[PDB]
Amino acid sequence: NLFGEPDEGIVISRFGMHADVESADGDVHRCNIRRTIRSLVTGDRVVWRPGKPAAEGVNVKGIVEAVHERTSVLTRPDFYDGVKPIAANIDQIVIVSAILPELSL
RNA sequence: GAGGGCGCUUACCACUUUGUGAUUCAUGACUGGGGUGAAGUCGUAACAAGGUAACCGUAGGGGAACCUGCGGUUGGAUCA
Ligand SMILES: [Mg+2]
Ligand SMILES: [Mg+2]
Ligand SMILES: [Mg+2]
Numbered sequence: 233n234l235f236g237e238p239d240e241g242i243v244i245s246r247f248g249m250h251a252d253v254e255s256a257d258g259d260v261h262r263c264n265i266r267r268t269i270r271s272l273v274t275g276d277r278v279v280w281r282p283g284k285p286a287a288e289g290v291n292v293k294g295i296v297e298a299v300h301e302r303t304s305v306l307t308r309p310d311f312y313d314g315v316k317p318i319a320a321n322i323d324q325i326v327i328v329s330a331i332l333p334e335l336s337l
């Protein structure tokens with residue numbers, strides 16, 4: 233409760249119980265998520281509010297309220313896990329491989 | 001004179017000092033695991049004969065669930 237300013241920002245990472253949300257200027261600010269969120273991935277623009285600092289200048293978390301529409305999505309299914317999206321909202325993929333341990337085709 | 005007092009000295013001994021142990025609390029870089037986490041990643045181990053029957057003890061292996069070797073049990077199916 234007692235949330236802050238609704239704004240657009242880019243999610244840095246995903247940690248299940250919470251997520252790292254970068255603001256519109258480059259501020260690392262971790263936030264938890266809304267219970268109605270079906271999925272949240274790395275690099276997804278969201279609607280979020282950075283809570284309210286209890287101590288003056290020292291805040292713990294904010295919340296991520298809403299999720300914008302997807303440009304792309306990387307959904308890969310799995311046995312006994314179902315279809316799970318990994319990443320989204322991307323234009324280019326770079327397949328990176330090495331000769332060690334193996335280089336398969 | 002007898003005797004007493006003072007003073008001195010000795011015995012006992014508190015506090016106090018050094019050397020060096022035992023024990024206890026607080027602090028403590030670092031470090032060992034474990035628990036609590038529905039949505040995160042990695043795999044599909046076990047529960048059906050769960051797709052190499054499982055489990056226990058022990059040794060070795062490797063991100064990991066685990067696997068292999070030896071021995072035992074049925075808390076195993078199908079089987080005469
Ligand atoms: Mg299995
Ligand atoms: Mg099995
Ligand atoms: Mg056996």
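The first sequence begins at 233 in the working numbering and counts up by one.
Heads up, the beta-carbon is just placed ideally off N, CA and C, and yes, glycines get one too.
1) Between residue 241 and residue 291, what straight-line distance do the alpha-carbon atoms span, to the nearest angstrom?
2) Taking 8 Å as the limit between beta carbons, can you name the residues of its chain near residue 234, skipping five residues before and five after?
3) Taking just the CA atoms, how far does residue 295 sit from residue 333?
4) Could you compute how far the alpha carbon of residue 275 sits from the alpha carbon of residue 321?
5) Taking residue 245 as part of the beta strand (DSSP E), name the residues at either end of that continuous run.
In brief:
1) Locating residue 241 in the first sequence gives position 9, where the first residue counts as 1. Locating residue 291 in the first sequence gives position 59, where the first residue counts as 1. Distance between the alpha carbons of residue 241 and residue 291 is about 18 Å.
2) Taking the first residue of the first sequence as position 1, residue 234 is located at position 2. Taken in chain order, the residues that qualify are 283, 284.
3) Along the first sequence, read from residue 1 onward, the residue named residue 333 stands at position 101. Along the first sequence, read from residue 1 onward, the residue named residue 295 stands at position 63. The alpha-carbon atoms of residue 333 and residue 295 are separated by roughly 42 Å.
4) As a position in the first sequence, residue 275 is number 43, starting the count at 1. As a position in the first sequence, residue 321 is number 89, starting the count at 1. Rounded to whole angstroms, residue 275 to residue 321 spans 7 Å at the Cα level.
5) If you number the first sequence from 1, residue 245 lands on position 13. 239-246 is the span of the beta strand (DSSP E), which, as asked, contains residue 245.
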